[PDB]
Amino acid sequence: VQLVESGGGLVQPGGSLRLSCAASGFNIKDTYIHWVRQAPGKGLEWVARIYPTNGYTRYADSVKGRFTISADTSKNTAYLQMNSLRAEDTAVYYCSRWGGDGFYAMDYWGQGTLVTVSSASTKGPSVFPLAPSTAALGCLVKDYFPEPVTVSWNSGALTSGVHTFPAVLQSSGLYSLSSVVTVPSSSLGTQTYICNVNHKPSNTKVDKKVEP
């Protein structure tokens, strides 16, 4: 059993956006399909549900009128059409099902998709070295939008001792983070340390060598 979502991303305030929830290993005709969302740093909020056999729907008050949940049994897929989007709608959106006609609650969930409602343009990060002089070194991943970015070290060959910090929103409205690692002092100047920064929303790829 799988629930695989798609369709999120960055959308303008007042805009529209449509999420899909594709089911495999079971027939959505047999169950209820739910959408549940989680704003950054908050808890879980139920959004809507549908019984695909007859198309019956229920909605949370905060999305009543603006959102439409729907389903296509011949595609084994459910949808969330989001309209009049607000900053309050920024969240990770999950799809789920009532397993066992509810008795099993939400036993399977999609992987989630991030929806960001903002008028700000995309912007890739600048990557600056945190130079060393046991040593610590790292990369400052500054001024990007929107989330997320991923960081690796030496293309995944350096994993132990790495701390990639959660992004913080700066007063400018752009995100920033650092990723650091502790290495042997004796390794500096001969061992080579590169952070691999990836920002898919802006199609930005940066490999930054950090030297002492």
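We number the residues from 1 along the sequence you see.
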Size class of the missing deposited segment between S133 and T134: 4 to 9
Higher-scoring stretch by recorded Cα B factor average, 1-9 or 201-209: 201-209
76-84 set against 123-131, stretch whose average Cα temperature factor tops the other in the entry: 123-131
Out of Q191, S20, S24, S16, highest CA B-factor residue: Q191
Ranked C-alpha temperature factor of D107 among modelled chain residues, by third: middle
Where the record places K64 (Cα B-factor, split into thirds across the chain): highest
Where the record places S187 (Cα B-factor, split into thirds across the chain): highest
B-factor third for the C-alpha atom of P40 within its chain: middle
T159 CA temperature factor, ranked by third within the chain: highest
